[PDB]
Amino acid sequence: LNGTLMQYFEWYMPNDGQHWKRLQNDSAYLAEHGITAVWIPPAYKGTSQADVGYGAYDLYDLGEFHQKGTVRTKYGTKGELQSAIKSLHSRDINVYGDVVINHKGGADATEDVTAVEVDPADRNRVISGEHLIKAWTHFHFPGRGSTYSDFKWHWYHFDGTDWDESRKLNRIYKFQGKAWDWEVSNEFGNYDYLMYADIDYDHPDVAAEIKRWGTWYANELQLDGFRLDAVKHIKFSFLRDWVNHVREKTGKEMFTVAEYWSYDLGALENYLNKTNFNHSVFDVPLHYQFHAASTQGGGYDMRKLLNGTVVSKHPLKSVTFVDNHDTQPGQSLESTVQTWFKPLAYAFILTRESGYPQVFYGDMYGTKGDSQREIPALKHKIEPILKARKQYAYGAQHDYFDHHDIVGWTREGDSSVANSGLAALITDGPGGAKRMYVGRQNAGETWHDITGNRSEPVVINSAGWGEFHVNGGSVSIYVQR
C-alpha cells in the first residue's frame, strides 16, 4: 500500500485550542482516503498562546504548564494531543512531530552580553567593536520548574541575536567568543543566524541536551517520525547525528524529512550528501515548477517537470508537495499554485511512483487568512486522486512527456492489488489525446476517468495500448470501470 503524508495545519487557523480535537475527529476520514502519516504543527509552548509554534519557547511544555500566559498551546493541551495520537495510531496512521531547534524565542529575561554587529549581507564580516547589549537569552521556565529537565539557557548557549533591549535596536549581533556554526547555508556568507536567539551547536552541553530532548519528545508523544524546521541554518553534521541518535535510542525507524528551503537543486544535494542521506527533504524546486506552470497560462513547457527536481535524482529521499504554510497566501514565501492547476499538480505527486507525496491541510479545507486570494477548500477535487493512489497507482510506470502542454504517464497495475493500474493525462493548455501503454495484461478492459472530467470510457487494445483524452487545462485519470 502507497504511503501518503498530510501536513495537518495551515498558518491562519483560529487560536481556539480545538485543533488536537479536530485531528482526532478526522482520524476515520484520513484513514479512509489513504493518508498513512500526518505531520502535526509544533506542539510545545511558543512566545504566546497564539504562536503558530515556530517561536519555540519551551520544548518540554507541550501545552502542560502555565507559562507565557496560557497552559494550552494554540492547538490544545498535551492530553488532547495524546488522545488524538492514540486515535491515529488505532487506525494505523503514523505521526510526525515538528522539530524547531534552530533558535529559541520569548526568553524570560535579558542578560548583559558583550557583542559585535556583523554585516547582514556577509555575517562573517564584523562591522562594530565589542559593546555591551541586553539580550533576551535567559530561559528559566518559571511555570515548569525542573519537571522533565533542569537545563536552563543563558546567552552562552547561543551565538547571537537580532535585538539589543537596552537600545531597542534591531541588528545582527554575535556574542563575544562565539562563531557562526558550520556547515550551514552559505547565503549571506553564513546563514546560521535567522531570528531570535540562535542556538550554538559548537557548545557540547547544548548538543547533548537537544539530543536528549529529541528522545524525550519521541517517547512522550510516541511519535513515529519528524519534520525538521529551518535546516539550512543549522549545523549539518549535528542534524545528521541527532537523527542517528534518536533512532538508536528509540530503536524505531523514525522517518524524517527536513525543510531545506532552496530553489537550487545543487544546495539540496549538498545537504543530503552532508547528512549522508539519512533523511529526506521537501522537493522545493518541484513546488516552484508547479507555481510556474499554474501562472503562465499554458506557456510553460510541461516537459520540464521531469528535470531539476529532488525526486528526479533521489526518488527515495524526496517528499513532494504542492503548497504548504510557507507558500500559502500572505506568507513571506508566497508562491501559491493557482486553483485551476492544483488538481493537475496533485495528480503528478499522488499517482507517480517516485517520491513520498504530501497533501496540504490548506488545500483540503481552505486557508483562513484575510486576503482576497485565500485557497478554497478543494477536498472534493482531491479525494478522487487520493482514491486513485490508494487503489490503483501500482506497478510499472511509463512516462510520456513529448509535448509542451499535454503530458501523461501510466501504471500497469500489480497483481497483488485487484484491478489496479491507471493512465493519467494533464495539460496546462488545450485538451487532446495521447496513445499510452498500460500493459498487455490489461488488454480488453474498459477504463474510465475517476475524476469525472471525461465521461466516455477507453477500451485497452490487444497490444496493451489505449488512446486517452483530457480536456483543456485539466486532468483525467483512467482506471478500470
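Numbering starts at 1 and runs along the sequence shown.
- As recorded in the PDB entry, 86-94 is the stretch of 86-94 and 299-307 with the greater mean C-alpha temperature factor.
- Averaged over their C-alpha atoms, the temperature factors of 230-238 and 262-270 are higher for 262-270.
- Taking the deposited Cα B-factors for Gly431, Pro41, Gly421, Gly46, the highest one is held by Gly431.
- Residue-level inspection of the entry shows that, of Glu80, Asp192, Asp326, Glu187, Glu80 has the top Cα B-factor.
- When the CA B factors of the chain's modelled residues are split into thirds, the value for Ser476 lands in the middle one.
- Among the modelled residues of the chain, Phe65 sits in the middle third by CA temperature factor in this PDB entry.
- Sort the modelled residues of the chain by CA B factor and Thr446 lands in the lowest third.
- Ranked within its chain, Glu383 lands in the middle third, by CA B factor from the PDB record.
- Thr4 sits in the middle third of its chain by CA B factor, as recorded in the PDB entry.
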